[PDB]
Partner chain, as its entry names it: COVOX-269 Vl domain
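Encoded as structure tokens, the following chain is the form deposited without its partner chain, with no partner shown.
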């Protein structure tokens, strides 16, 4: 037995979201989760589940549930899926093919845009190789793009790896800030600790 209601508000209604390259993860355990306050909320532009059906989610029990949250522009939310390619999927957040979980996104223009463009939200534009699934890279080492070594951006063929989104509230919807939460359901050959209601 266990009585706690899982703290999804901590992750969803959070004030500051992570830059996609340095994405955040929260462990959700020893609590009970009513998923109906998620797929029945009219707040989300995207709610796409894999290996599970969202309707039939309150009937299962998991060892742990992990929530990865970050921000990208809307035209890139399609990359947050198994087998996707592109800047975000290749250099920032790659989901595996065998992925089991739900991917949730919603417009955060009222929250993440400047007048003038929000430069705090960043994404990786250069990397020597693609990420493994669920791999993370918060390095800011200057990107060598020629045969010549690098010190700072001022060097030739020395690019700064990160790029700013510059979120303005006047952008097209495809350039607008979209907050993304990705749930992975981890069921191990260990006692389950996060269950649906009843």
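Numbering follows the first chain given and starts at 1. Definition used throughout: the rigid core is the maximal C-alpha set that superposes within 1.5 Å between two forms. Shifts are known only where both forms have a C-alpha.
Although it is not shown, the form solved in complex with its partner chain is what the next lines describe.
S.K.: If we check its partner chain in the deposited complex, which of the residues in 117-154 reach within 4.5 angstroms of it by a non-hydrogen atom?
M.R.: The stretch 117-154, when checked against its partner chain in the deposited complex, contributes only 123 at the 4.5 Å heavy-atom cut-off.
S.K.: Once you align the rigid core, which of 54, 166, 169, 155 turns out to move its Cα at least 2 Å between the shown form and the other one?
M.R.: So the only displaced C-alpha belongs to 155.
S.K.: Can you confirm the direction of the Cα distance change for residue 138 and residue 154 in the deposited complex, closer or farther than in this form, given it is 3 Å or more?
M.R.: Closer: residue 138 and residue 154 approach by 3 Å or more in the deposited complex.
S.K.: By 3 Å or more, the Cα spacing of residue 162 and residue 153 differs in the deposited complex; is it closer or farther than in this view?
M.R.: Between the C-alphas of residue 153 and residue 162, the gap widens in the deposited complex (3 Å or more compared with this form).
S.K.: Name, in sequence order, the runs of three or more consecutive residues whose C-alphas all shift 2 Å or more between the shown form and the other one, counting only residues present in both forms and superposing on the rigid core.
M.R.: The segments that shift (3 or more residues, C-alpha shift of 2 Å or more) are 151-156, 187-189.
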